[PDB]
Structures are given as structure tokens and as C-alpha cells.
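Single-structure report; data block below.
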Amino acid sequence: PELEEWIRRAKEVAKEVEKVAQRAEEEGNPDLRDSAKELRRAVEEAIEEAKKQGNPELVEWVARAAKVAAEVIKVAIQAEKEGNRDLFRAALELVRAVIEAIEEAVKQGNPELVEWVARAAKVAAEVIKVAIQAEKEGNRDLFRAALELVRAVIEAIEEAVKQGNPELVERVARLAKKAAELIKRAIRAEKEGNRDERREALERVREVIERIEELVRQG
């Protein structure tokens with residue numbers, strides 16, 4: 001029944017995805033509608049396959065990944081409404097990346113990849129929300145820092161999934177979490193009227209992002 005519990009939660013996520021698909025349709029966004037359709041399909045098939053395998057951890061992680069992707073979609077919808085196609089596309093690619101990670105990992109029978117990707121995506125989703133606020137706050141510095149961080153995570157998901165290496169995703173997720181905390185420090189730096197520290201945090205975050213990119217590109 002534990003597996004079943006996770007299945008019900010996965011179905012509830014799928015219900016939320018369908019509701020999102022309907023809203024996306026209603027907002028005049030067939031791109032998001034379609035991405036949501038693929039998300040829904042992916043969830044349904046993942047539920048089916050994982051249920052047939054008997055891997056409740058897989059079901060859980062897939063469900064969480066799907067939930068993250070759904071939140072990314074909600075963010076994409078908001079980004080679209082705010083007139084930010086860059087963020088719309090970043091979120092779309094993140095969602096696609098998560099969806100493929102789900103599909104492939106389920107096909108592999110590798111629940112860890114799904115987990116780590118889901119955690120990385122969750123961090124990236126929070127970073128994207130920060131980027132949106134950052135766009136609204138008049139901080140192109142923070143906008144760009146968050147954008148590059150999200151990009152690094154997306155590429156990490158894409159690449160690690162193409163590799164089939166879940167550890168890479170993990171290490172990236174931990175790095176991204178670190179970058180997120182550096183961004184939070186940057187936010188505090190922003191609040192205190194300390195441009196030196198603001199720049200310091202910006203540079204630390206940038207260092208982490210490029211370091212993520214380089215470590216990820218080799219392995």
C-alpha cells in the first residue's frame with residue numbers, strides 16, 4: 001500500500017498537471033499546454049511502469065520531479081504573463097529536461113537520477129522565482145546571476161541524463177543549493193547598501209556557476 005500511497009500522490013500531481021494544462025490552454029499558451037501534456041503523459045506512464053516494477057522510491061521521486069516540473073510550469077505561466085520570454089523558455093527547457101529525466105530514468109530503472117534531478121530542479125525553480133522578483137526589483141545583476149545558475153542546472157540535468165550519471169546531478173544540486181545560499185547572502189548584501197559585498201557575493205556566485213559548468217563539461 002505504501003507504493004499505492006505514492007501512486008495516489010502521483011495521481012494527485014497528475015491531476016494538478018492536467019489542471020495546469022487547462023489553465024495554460026486558457027491563457028493562450030499552446031507551448032505550455034503541450035509541455036504540460038507531455039508532463040502528464042510522462043507521469044501516467046511512469047506511474048504505470050514503476051508500479052509494474054515494484055519500486056515505490058521510483059514512484060515517489062518521479063512524483064516529486066513531476067511536482068517540481070508543475071511548479072516550474074506555473075512559474076513559466078507567470079513569466080509569460082510578465083512579458084519575460086527568456087524566463088519562459090528557461091522554465092520550458094527545465095521542464096522538458098525534467099520530463100526526459102523522468103522518462104529515461106524510469107526506462108533505466110534508475111530512481112536516484114530522478115531524485116537528484118528533482119532536487120536540482122527544485123533549487124533551480126526557487127532560483128527562477130528569485131530571478132522573476134529580481135527582474136521586478138531592478139536588479140539585472142541578480143537577474144543574470146540567477147539566469148546563469150538556472151542554465152548551469154538545466155545543462156547539468158541534460159548532460160547527466162544523457163550520461164546516465166545520477167551522482168553528477170547530485171553534486172550539481174548541492175552546488176546549486178550553495179549558489180542559492182550565496183544569492184541569499186547577495187540579497188542581504190543588497191539590503192544593507194553594501195555594493196562591495198553585493199559585488200563580492202555576485203562574484204562568488206558567478207565563480208560557482210562557471211565552476212559548475214566546467215566540472216560538468218568534463219564529467
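FYI, nothing fancy with the C-alpha cells labels: chains A, B, ... in order, residues from 1 per chain, ligands from 1 as they appear.
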
### Spatial neighbours of residue A:78, 10 Å, only C-alpha atoms, chain gap at least 6 places, as a PyMOL selection string
chain A and resi 72+84+87-88+129+132

### Message
I want to know what sits within 12 Å of residue A:165, based on only C-alpha atoms, with residues of the same chain fewer than 6 positions away left out; could you give that as a PyMOL selection string?
### Response
chain A and resi 101+104-105+108+110-117+156-159+171-172+216+219

Output for the residues just chosen: N, CA, C and O atoms as a short mmCIF file (atom, residue, chain, number, x, y, z; two decimals), in the first residue's frame:
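Resulting contents of part-v2.cif:
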data_model
loop_
_atom_site.label_atom_id
_atom_site.label_comp_id
_atom_site.auth_asym_id
_atom_site.auth_seq_id
_atom_site.Cartn_x
_atom_site.Cartn_y
_atom_site.Cartn_z
N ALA A 101 14.27 13.39 -18.06
CA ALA A 101 14.94 12.71 -16.97
C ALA A 101 14.01 11.66 -16.39
O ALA A 101 14.42 10.54 -16.12
N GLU A 104 13.58 8.72 -19.10
CA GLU A 104 14.78 7.94 -19.28
C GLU A 104 15.07 7.18 -18.01
O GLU A 104 15.35 6.00 -18.04
N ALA A 105 15.00 7.87 -16.88
CA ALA A 105 15.37 7.25 -15.62
C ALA A 105 14.41 6.10 -15.33
O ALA A 105 14.81 5.06 -14.82
N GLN A 108 15.38 3.35 -17.50
CA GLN A 108 16.58 2.74 -16.94
C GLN A 108 16.26 1.91 -15.71
O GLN A 108 16.83 0.85 -15.49
N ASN A 110 16.29 3.73 -12.87
CA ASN A 110 17.22 4.49 -12.01
C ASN A 110 16.53 5.64 -11.28
O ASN A 110 16.56 6.79 -11.74
N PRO A 111 15.95 5.36 -10.10
CA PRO A 111 15.21 6.32 -9.27
C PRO A 111 16.08 7.42 -8.66
O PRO A 111 15.62 8.55 -8.44
N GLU A 112 17.34 7.09 -8.44
CA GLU A 112 18.28 8.08 -7.94
C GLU A 112 18.46 9.25 -8.91
O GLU A 112 18.47 10.41 -8.48
N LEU A 113 18.61 8.96 -10.20
CA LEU A 113 18.72 10.03 -11.17
C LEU A 113 17.51 10.96 -11.08
O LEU A 113 17.66 12.19 -11.05
N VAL A 114 16.33 10.37 -11.02
CA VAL A 114 15.11 11.16 -10.86
C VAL A 114 15.18 12.03 -9.61
O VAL A 114 14.86 13.22 -9.65
N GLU A 115 15.58 11.43 -8.49
CA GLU A 115 15.68 12.18 -7.25
C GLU A 115 16.59 13.39 -7.36
O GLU A 115 16.20 14.52 -7.06
N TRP A 116 17.82 13.14 -7.79
CA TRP A 116 18.80 14.20 -7.81
C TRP A 116 18.40 15.29 -8.79
O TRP A 116 18.53 16.49 -8.50
N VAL A 117 17.85 14.87 -9.92
CA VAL A 117 17.36 15.81 -10.91
C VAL A 117 16.24 16.64 -10.32
O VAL A 117 16.18 17.85 -10.51
N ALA A 156 23.25 20.74 -16.54
CA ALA A 156 23.68 19.62 -15.72
C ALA A 156 22.68 18.48 -15.78
O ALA A 156 23.07 17.31 -15.88
N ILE A 157 21.39 18.80 -15.71
CA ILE A 157 20.35 17.78 -15.84
C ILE A 157 20.41 17.07 -17.19
O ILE A 157 20.47 15.85 -17.28
N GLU A 158 20.45 17.88 -18.24
CA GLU A 158 20.51 17.39 -19.61
C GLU A 158 21.70 16.46 -19.79
O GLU A 158 21.54 15.30 -20.21
N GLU A 159 22.87 16.92 -19.38
CA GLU A 159 24.10 16.19 -19.62
C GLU A 159 24.10 14.94 -18.75
O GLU A 159 24.40 13.86 -19.23
N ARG A 171 25.90 16.20 -7.24
CA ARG A 171 26.95 17.14 -6.90
C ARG A 171 26.55 18.53 -7.40
O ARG A 171 26.72 19.54 -6.70
N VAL A 172 25.94 18.56 -8.58
CA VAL A 172 25.44 19.82 -9.14
C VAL A 172 24.33 20.42 -8.27
O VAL A 172 24.30 21.62 -8.05
N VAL A 216 31.13 20.08 -14.77
CA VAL A 216 30.09 19.35 -15.50
C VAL A 216 30.46 19.02 -16.95
O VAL A 216 30.17 17.92 -17.42
N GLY A 219 32.95 16.02 -16.82
CA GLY A 219 32.40 14.81 -16.24
C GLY A 219 31.16 15.05 -15.42
O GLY A 219 30.73 14.18 -14.66
#

#### Entry: Neighbour list for stretch 135-138 of chain A as a PyMOL selection string, cut-off 12 Å, only C-alpha atoms, skip fewer than 3 positions in-chain
chain A and resi 79+82-84+86-87+128-132+141-147+187+190-191

### Message
List the spatial neighbours of stretch 34-51 of chain A as a ChimeraX atom specification - criterion: any atom at most 8 Å away, only C-alpha atoms, same-chain residues fewer than 3 positions off excluded.
### Response
/A:3,7,10-11,14,17-18,20-21,30-31,54-56,58-59,62-63,66,69-70,73,92,95-96,99,102-103,106

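Shortest atom-to-atom contact with residue A:107 among A:23, A:67, A:52, A:140: A:52, counting only C-alpha atoms.
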
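Closest to residue A:2 among A:26, A:170, A:148, A:57 is A:57, based on only C-alpha atoms.
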
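The coordinates place atom CA of residue A:206 at 16.3 Å from atom CA of residue A:123.
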
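Counting from atom CA of residue A:19, the distance to atom CA of residue A:91 is 18.1 Å.
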
### Task
Would you list the contacts of residue A:202 as a ChimeraX atom specification, taking every protein, DNA or RNA residue within 9 Å and counting only C-alpha atoms, but skipping same-chain residues closer than 2 positions in sequence?
/A:141-142,145,182-183,186,197-200,204-207

### Message
Give me the residues near residue A:153 as an MDAnalysis selection string, where near means some atom within 8 Å (using only C-alpha atoms) and where sequence neighbours in that chain fewer than 4 positions away do not count.
### Response
chainID A and resid 120:121 124 149 157 172:173 176
